[PDB]
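Listed below, chain by chain, are the residues.
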Amino acid sequence: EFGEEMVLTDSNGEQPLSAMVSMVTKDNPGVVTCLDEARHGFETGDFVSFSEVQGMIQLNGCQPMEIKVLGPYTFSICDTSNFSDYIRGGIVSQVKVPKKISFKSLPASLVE
């Protein structure tokens, strides 16, 4: 936004990605925003979980969900109408959803 760029020391780097919640709506889907002092790194289809929320904790205790990116600091989440109203707290991180070579074989097949 401005020309400045702070002058602190190194903080971010390595390890998974994370973000903070500045404001979220209780809709289906709902539109949430990120913290000015934070950056988002998820695309339409990624997954995120809740950390320490006030009121809207049910999300954290219900496994991660799928997000939607509307903009740089704008984005939506799954249906959050079946939970309490967001009061405070709430950290959005990037869960480690399955991404390995998982396969299943019910029948038997040795040599065709």
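Before reading further, recall that the structure is shown in the block above.
Residues numbered from 1 in each chain as written, not as in the entry; some residues may be left out. Heavy atoms only, no water.

## With respect to the sheet that holds strand β1 (residues 18-24)
Strands belonging to one sheet form pairs held by backbone hydrogen bonds; the direction of such a pair is parallel or antiparallel.
Piece 1. Reading around the circumference, β1-β2-β6-β5-β3-β8 is the order of the six strands in this closed barrel, with antiparallel pairing throughout. When the angles between neighbouring strand axes are averaged without regard to direction, this sheet yields 45°. (Pairing = 2+ DSSP bridges. Helix = DSSP H or I, 4+ residues; strand = E, 2+ residues; numbered from the N terminus. Axes fitted to C-alpha atoms, helices over the stretch in contact; angles between N-to-C directions.)

## Brief notes about the layout of surface pockets
Rolled over the atoms, a probe as big as a water molecule pinpoints where empty space is left.
Piece 1. Taken as a whole, the largest pocket spans an internal volume of roughly 1,200 Å³.
Piece 2. Every residue lining the largest pocket is counted, 24 residues in all, and those nearest its centre are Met6, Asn12, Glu37, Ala38 and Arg39.
Piece 3. Of the residues that constitute the lining of the largest pocket, the class distribution is 10 nonpolar, six polar and eight charged. (1 Å grid on protein atoms, 1.4 Å probe; cavity = no way out; pocket = protein on both sides within 12 Å on 5 of 7 lines; lining within 4 Å. Points joined across faces, edges and corners; volume = space filled by probe spheres on them. Nonpolar A, V, L, I, M, F, W, Y, C, P; charged D, E, K, R; others polar.)

## Let's talk about the pairing of strand β5 (residues 65-69)
Piece 1. Judged from the two bridges that link them, strand β3 (residues 47-50) and β5 form a sheet pairing that is antiparallel. From the neighbouring strand, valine 48 faces β5, where its bridge partner is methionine 65.
Piece 2. Pairing of β5 with strand β6 (residues 74-77), which is carried by three bridges, proceeds in the antiparallel orientation. Bridge pairing in β6 links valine 69 to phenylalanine 75.
Piece 3. With antiparallel pairing between neighbouring strands as the criterion, β5 and β6 make up a hairpin whose turn holds four residues.

## Quick notes on the state of the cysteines
Piece 1. Tallied over the entire structure, the rule returns zero disulfides.
Piece 2. No disulfide involves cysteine 62; its sulfur sits 8.3 Å from that of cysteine 78, the nearest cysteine.
Piece 3. Under the relative-accessibility criterion, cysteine 62 is labelled partly exposed at 46%.
Piece 4. Relative accessible area serves as the criterion here: at 24%, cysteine 78 is assigned to the partly exposed category. (Disulfide = S-S within 2.5 Å. Buried < 20%, exposed > 50% of the residue type's maximum accessible area, 1.4 Å probe, protein only.)

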